[PDB]
Amino acid sequence: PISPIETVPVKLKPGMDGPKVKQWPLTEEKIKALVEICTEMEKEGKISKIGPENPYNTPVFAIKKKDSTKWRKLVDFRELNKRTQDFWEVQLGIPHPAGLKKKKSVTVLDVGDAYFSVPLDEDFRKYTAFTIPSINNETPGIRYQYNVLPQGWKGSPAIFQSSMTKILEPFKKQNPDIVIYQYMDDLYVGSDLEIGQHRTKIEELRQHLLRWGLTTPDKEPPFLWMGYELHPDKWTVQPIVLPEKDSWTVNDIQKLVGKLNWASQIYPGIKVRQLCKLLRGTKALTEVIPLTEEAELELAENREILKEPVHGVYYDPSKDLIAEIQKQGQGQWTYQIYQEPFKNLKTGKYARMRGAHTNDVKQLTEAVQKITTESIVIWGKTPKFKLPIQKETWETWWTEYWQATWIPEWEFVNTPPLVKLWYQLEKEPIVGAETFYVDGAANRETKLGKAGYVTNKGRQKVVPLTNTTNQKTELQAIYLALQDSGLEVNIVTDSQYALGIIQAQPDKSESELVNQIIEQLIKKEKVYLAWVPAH
Amino acid sequence: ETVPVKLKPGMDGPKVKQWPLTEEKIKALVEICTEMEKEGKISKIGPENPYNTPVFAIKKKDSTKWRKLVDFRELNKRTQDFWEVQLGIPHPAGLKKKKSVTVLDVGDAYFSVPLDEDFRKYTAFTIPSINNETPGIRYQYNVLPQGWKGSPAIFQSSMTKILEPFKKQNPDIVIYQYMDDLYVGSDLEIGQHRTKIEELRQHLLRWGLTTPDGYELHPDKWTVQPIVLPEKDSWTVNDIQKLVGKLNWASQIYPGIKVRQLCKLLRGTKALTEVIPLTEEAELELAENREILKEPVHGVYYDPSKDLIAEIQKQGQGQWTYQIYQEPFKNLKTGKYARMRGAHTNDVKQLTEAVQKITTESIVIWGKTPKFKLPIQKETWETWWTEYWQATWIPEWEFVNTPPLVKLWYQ
Ligand SMILES: Cc1nc2cnccc2n1-c1ccc(Cn2c(=O)sc3ccccc32)cc1
């Protein structure tokens, strides 16, 4: 029953016109259901036959619901959709369960045969003209046009949510207590009434909707909703099944990482560093890619986590929002968002994408930021952070760091591993210390280079290098220097590159050299670096 | 009656997405818009409107009243022909010469003149919801909106009249109108100036609720910023290196700056802390260069067809150096900025002010806001910029990554 609601004026893109696509004559067994169904839809008013001369047409097809016997009509509107103007994107972005305020009772209502019960702007009805064939190419006369929002049309979702929002308003007024959240075709109604008081309102709405032409049904809490197994006071992700295979393709490792990520928002410790490091190469789907010892050990560690089930609690706008961060492996972090000790609202992880020689003080900051955005999206406020780092440690780095930054409120939480500043450079040369004038270079052609130094004390060295870049050498120079030096050194390099990599004070970039230089700076008591115009 | 507004052909309206807001800000935007709706300044709209422009909530200067701030940067670009050519607003190349320039907020004027019914659809904006639980309230403007350059453009006429009776009385005060602000300049004495502004404020208010407010600037102090060399008593090998370091860098800007004269004091692998004697036979270069660095280079003309670029460097200790330019190493201006170390002030709050500072100096000097190369993280800025923001306009920005000696230079 088409609703009495107002229609939304629609138009076709600036200089276009409606679909003239001609109907492909086919099976008369199909042309059997097309008339059978159009007939019923014509009665219900969803459609109407129109004057012979409607210059447009959209192909009609016919698909049988194998299991039922009842055919279903299908209209491939894709050509019209190309000619139909743009609408306010059916606001995508599905609410995160961790942000919904807990309720005593929550019911869902399937507003399925809904959009078909909504009038379509008059003047735009013609462009929705289709044509049911005949016994045989002679009687084309069977021509209709929709009077409601045609499934698959472009502006259907938009004009429906809209129409629905308007329809619910008169009801939400009479019922300020409850809250309704529409989504695609499933209504959510929650309240703090009483199980039976709540049962009276739900049936009230149904009648209200019905008085608007929209029809509803006469599951339970453990809901189906988009990857979320829902409950009477908790939420989680639909059960997961991580594949066991002897061979893996790009297309398999992708579905694995995806599945594993989806788990993150509730399963603490989930990792993907190695499993996704595999896809580094070109996206050549179904390319059997060999596993790895790390990647295999990793997939395992996740399996042991996924073992037991993990549940999530809802939102209580009454308490605070706390977030805590734990540094796991090198380059990976995890955090939990909660309002009550050990019983999370939601969880997740962070990782240094490029990783180009970074800092744990900096990554921890990237995480706090990453969590702040997320919190705002879900809760409309930021959380109070609990962090494995010493205020003094942080200040030291932020006050001396070139980029501006700023972390919300955060208290210290002495919980190893703590956050690192393993070594600091000397702001001023070191008196009485040997000075090395390191440097090196390679041949962009031969792939061969030399890395050495010349000390003020007359000592000098020069080591041969193969398969090296002019940046690998410049760091090999600095390395040599630290090796052939006392506990205090003064190094002078020609490479801004190397200078800066060290000034950023990275860590275990699993770049053996850069990790070796780092281990050396830690051992020294005082190191002073300095740069001088190359050559 | 409407003043036909067209988008630069081959261009469609704005479709920018709304940034997520704190529940606090959502709340303020809701009250404000509900009032604006009552007063007919805006109206609700349906899905038949694919357009959208961002909205923030800021605190006006000195009040605890929330202010709506629609980010029209995109619609401004998509209507540039309208407000830059068809209705341009010539900029007084002498407003920078006055001794004191006050800034007045006249944006409240625009809410008078109604907007071209056919253009309205392009001002669509969305008050968001938390966690997506709801669709989003959608409005479009019915009157000229603030932040949209087309607004002062259309209103000039009505402005030019209301201001006539004042420009005649004090033929020496300069008045420039940019966006929703008036930049009044004068060579009077602080005491009188504040008086002439209050005169103007009351004038404006008599001729129709054109109610303004107050910001003290002083162009005549906005002098150069020549780089400085650090002359000492003694000089180590190191100091000379760093000195040669900055000098060999200055040579991308200044011509007569040569250093091969000082490079002969680091001759052959010498200790770092080893004090080096001061050779006079060289000082005819240091001394010669210490001067070349006080008075600017030839050329450097403001190209009006080009864009203004503002880079800022964190100098630490609540200090920030900056430079505006159009083509690398030909700065049209360079300054500094200092915070006020207590009860607040973090990097972010500072940067935000330094940006607002530089932008106003820009409007006043070139009638044009620049594009900033902000040394900060895109997401961090996107998170807090809106906290210490007072301006009613928003510049264009982008985020950079690590200045080699560009910071150690302007120190
Ligand atoms: C918040 C709450 N407390 C509950 C208590 N008992 C049972 C279910 C409960 N829920 C609950 C159940 C399901 C859903 C998911 N959900 C739907 O399906 S429809 C819909 C629209 C908007 C947002 C979410 C949503 C969201 C919350």
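Residues numbered from 1 in each chain as written, not as in the entry; some residues may be left out. Chains lettered and ligands numbered in written order. Heavy atoms only, no water.

## Considerations on the overall build of chain A
Within chain A, the secondary structure is distributed over 12 helices and 20 strands. Taking 24 Å as the expected radius of gyration for a compact globule of 535 residues, we find that chain A reaches 33 Å, considerably beyond that expectation. For chain A, with 535 residues in total, the buried portion stands at 48%. Of the roughly 28100 Å² of accessible surface on chain A, 54% is carried by carbon and sulfur atoms. Across chain A, the centroid of the 71 positively charged side chains sits 3 Å from that of the 69 negatively charged ones. (Helix = DSSP H or I, 4+ residues; strand = E, 2+ residues; numbered from the N terminus. Rg over C-alpha atoms; globule rule 2.2 N^0.38 Å. Buried < 20%, exposed > 50% of the residue type's maximum accessible area, 1.4 Å probe, protein only. Areas by Shrake-Rupley, 256 points an atom, 1.4 Å probe, with all protein chains shown as cover. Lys, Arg positive; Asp, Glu negative; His and termini not counted. Charge placed at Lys NZ, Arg CZ, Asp CG, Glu CD.)

## Concerning the domain arrangement of chain B
What the domain assignment lists for chain B is domain 1 (1-87 + 111-151), domain 2 (88-110 + 152-221), domain 3 (222-299) and domain 4 (300-410). For domain 2 of chain B versus domain 3 of chain B, the separation of C-alpha centres amounts to 47 Å. (Domains from an automatic or database assignment.)

## Details of the site of the ligand
Residues and elements named next belong to chain A. What surrounds the ligand is a group of 16 residues, the closest being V108, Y181, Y188, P232 and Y314. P232 has a polar backbone atom sitting 3.5 Å from a nitrogen atom of the ligand. Protein chains bury 98% of the 570 Å² of accessible surface belonging to the ligand in isolation. If you list the elements that add at least two residues to the shell around the ligand, you get strand 4 (105-110) and strand 8 (186-191). (Near = heavy atom within 4 Å. Polar contact = N/O pair within 3.5 Å; in protein donor to acceptor, adjacent residues only side chain to side chain.)

## Re the side chain of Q403 of chain A
By the element assignment, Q403 of chain A lies in the loop between helix 9 (391-400) and strand 15 (410-412). The buried category is assigned to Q403 of chain A, whose relative accessible area is 6%. Not counting chain neighbours up to four residues away, the residues in contact with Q403 of chain A comprise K362 of chain A together with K314, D347, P375, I376, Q377 and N401 of chain B. (Contact = heavy atoms within 4.5 Å.)

## A word on the interface of chain A and chain B
Taken residue by residue, the interface counts 59 residues in chain A and 52 residues in chain B. In this assembly, chain A packs against chain B so that about 4500 Å² is buried in total across both faces, 59% of it on carbon and sulfur atoms. Of all residues in chain A, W88, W402 and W406 of chain A give up the largest surface area on contact with chain B, accounting jointly for 20% of the area buried on that side. Where chain A packs against chain B, one counts 2 salt bridges. Here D86 of chain A and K15 of chain B are joined by a salt bridge, their closest N and O atoms 3.1 Å apart. Those elements that place two or more of their residues in the side of chain A that touches chain B are helix 3 (156-174), helix 8 (360-379), strand 16 (435-442), strand 17 (448-455), strand 19 (488-493) and strand 20 (526-531) of chain A. Across the side of chain A that touches chain B, the residue classes break down as 33 nonpolar, 22 polar and 4 charged. (Buried area = accessible area lost by both parts, 1.4 Å probe. Salt bridge = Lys/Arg side-chain N within 4 Å of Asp/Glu carboxyl O. Nonpolar A, V, L, I, M, F, W, Y, C, P; charged D, E, K, R; others polar.)

## A few points about the packing of helix 10 (residues 470-483) of chain A against helix 12 (residues 512-523) of chain A
Residue and element names in this part refer to chain A. Between helix 10 and helix 12, whose axes approach to 10 Å, the crossing angle comes to 30 degrees. Taken as axis vectors, helix 10 and helix 12 run roughly parallel relative to one another. As helix 10 packs across helix 12, the resulting crossing turns out to be left-handed. Taking contact as the criterion, the partners of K472, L475, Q476, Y479, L482 and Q483 in helix 10 are, on helix 12, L513, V514, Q516, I517, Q520 and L521. Looking at the contact of helix 10 with helix 12 residue by residue, the class counts come to 7 nonpolar, 4 polar and 1 charged. (Axes fitted to C-alpha atoms, helices over the stretch in contact; angles between N-to-C directions. Parallel < 35°, antiparallel > 145°, perpendicular 65-115°, else oblique. Left-handed = near helix turned anticlockwise from the far one by under 90°.)

## Quick look at the pairing of strand 3 (residues 71-75) of chain A
Residues and elements named next belong to chain A. Across the two faces of strand 3 the burial differs, with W71, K73 and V75 buried and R72 and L74 not buried at all. In this structure, strand 2 (residues 60-64) lies alongside strand 3, joined through 5 bridges in antiparallel fashion. Bridging from a neighbouring strand, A62 pairs with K73 of strand 3. Between strand 2 and strand 3, which follow one another and run antiparallel, lie 6 residues, and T69 among them has a positive phi close to 105 degrees. (Pairing = 2+ DSSP bridges.)

## Quick notes on the sheet that holds strand 6 (residues 137-141) of chain B
Residue and element names in this part refer to chain B. Pairing within the open sheet is antiparallel, and its 3 strands lie in the order 1-6-5. If you trace the sheet from one side to the other, it starts and ends with strand 1 (42-44) and strand 5 (125-127), each paired once. The average angle at which neighbouring strand axes cross in this sheet is 35 degrees, direction not considered. Where strand 5 and strand 6 come together, 3 bridges link them in antiparallel fashion. From the neighbouring strand, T126 faces strand 6, where its bridge partner is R138. Where helix 1 (residues 23-38) meets the sheet, it contacts strand 1, strand 5 and strand 6, and its direction lies at approximately 125 degrees from that of strand 5.

## Overview of the sheet that holds strand 8 of chain A
The strands making up a sheet associate through hydrogen bonds between their backbones, and the pairing can be parallel or antiparallel. Residue and element names in this part refer to chain A. Strands sit in the order 4-8-7 across an open sheet of 3 strands; the sheet is antiparallel. Each having just a single partner strand, strand 4 and strand 7 (179-181) make up the two edges of the open sheet. Put simply, the sheet's adjacent strands are angled 20 degrees from each other on average, direction ignored. When strand 4 meets strand 8, the two strands line up antiparallel, connected through 6 bridges. Counted as the bridge partner of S105 is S191 from strand 8. Its contacts with the sheet place helix 4 (residues 197-210) against strand 4, strand 7 and strand 8, and it is angled at close to 25 degrees to strand 4.

## Brief notes about helix 4 of chain A
Residue and element names in this part refer to chain A. Compared with the 20 Å implied by 1.5 Å per residue over 14 residues, the 20 Å span of helix 4 between its first and last C-alpha is a close match. Buried residues of helix 4: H198, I202, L205, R206, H208 and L209, and no others. Each buried residue of helix 4 lies within a common arc of 160 degrees when the element is viewed along its axis, so the set occupies one face. (Expected span 1.5 Å × (residues − 1). Arc of directions from axis to C-beta.)

## Digging into the packing of helix 4 (residues 150-167) of chain B against helix 5 (residues 190-206) of chain B
Packed helix pairs are characterised by how far apart their axes lie and by the angle those axes make with each other. Residue and element names in this part refer to chain B. At a closest axis distance of 10 Å, the pairing of helix 4 and helix 5 adopts a crossing angle of 140 degrees. Looking at the two axes, helix 4 sits oblique to helix 5. Seen from above, helix 4 lies across helix 5 with right-handed handedness. Each of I162, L163, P165 and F166 in helix 4 lies in contact with helix 5, whose residues at this interface are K196, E199, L200, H203 and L204.

## Focus: the domain arrangement of chain A
All names here are of chain A. For chain A, the assigned domains are domain 1 (2-90 + 116-156), domain 2 (91-115 + 157-221), domain 3 (222-314), domain 4 (315-424) and domain 5 (425-535). On a C-alpha basis, the centroid separation for the pair domain 2 and domain 4 is 37 Å. Every contact between the two is made by 6 residues of domain 2 and, on the other side, 6 residues of domain 4. For the pairing of domain 2 and domain 4, the buried interface totals around 460 Å² over both sides, and the portion due to carbon and sulfur atoms is 65%. The three residues of domain 2 that bury the most area against domain 4 are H96, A98 and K101, which together make up 73% of that side's buried surface. Linking domain 2 with domain 4 are 0 salt bridges. Run the count over domain 2 and domain 4 and you get 2 residue pairs in polar contact. Grouping the constituent residues of the side of domain 2 that touches domain 4 by class yields 2 nonpolar, 2 polar and 2 charged.

## Description of a nonpolar patch on the surface
Residues and elements named next belong to chain A. Taken together, the side chains of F61, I63 and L74 make up a nonpolar region of the molecular surface, amounting to roughly 270 Å² of accessible area. Tracing the sequence through the fold places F61 in strand 2. Taking the relative accessible area as the measure of exposure, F61 reaches 46% and is therefore partly exposed. (Patch = residues over 30% accessible without salt bridge, like charges linked within 9 Å, V, L, I, M, F, W, Y side chains within 5 Å.)

## Structural notes on the pattern of salt bridges
Taken as a whole and assessed by the stated rule, the structure comprises 53 salt bridges over all chains. Note that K154 of chain A and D86 of chain A form a salt bridge whose closest N and O atoms lie 3.3 Å from each other. Of the two residues, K154 of chain A is situated in the loop between strand 6 (143-146) and helix 3 and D86 of chain A in the loop between helix 2 (78-81) and strand 4; the sequence distance between them amounts to 68 residues. For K154 of chain A, a relative accessible area of 27% translates into the label partly exposed. The exposure class of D86 of chain A is partly exposed, given its relative accessible area of 34%. One salt-bridge network, held together by shared partners, links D86 and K154 of chain A together with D12 and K15 of chain B.

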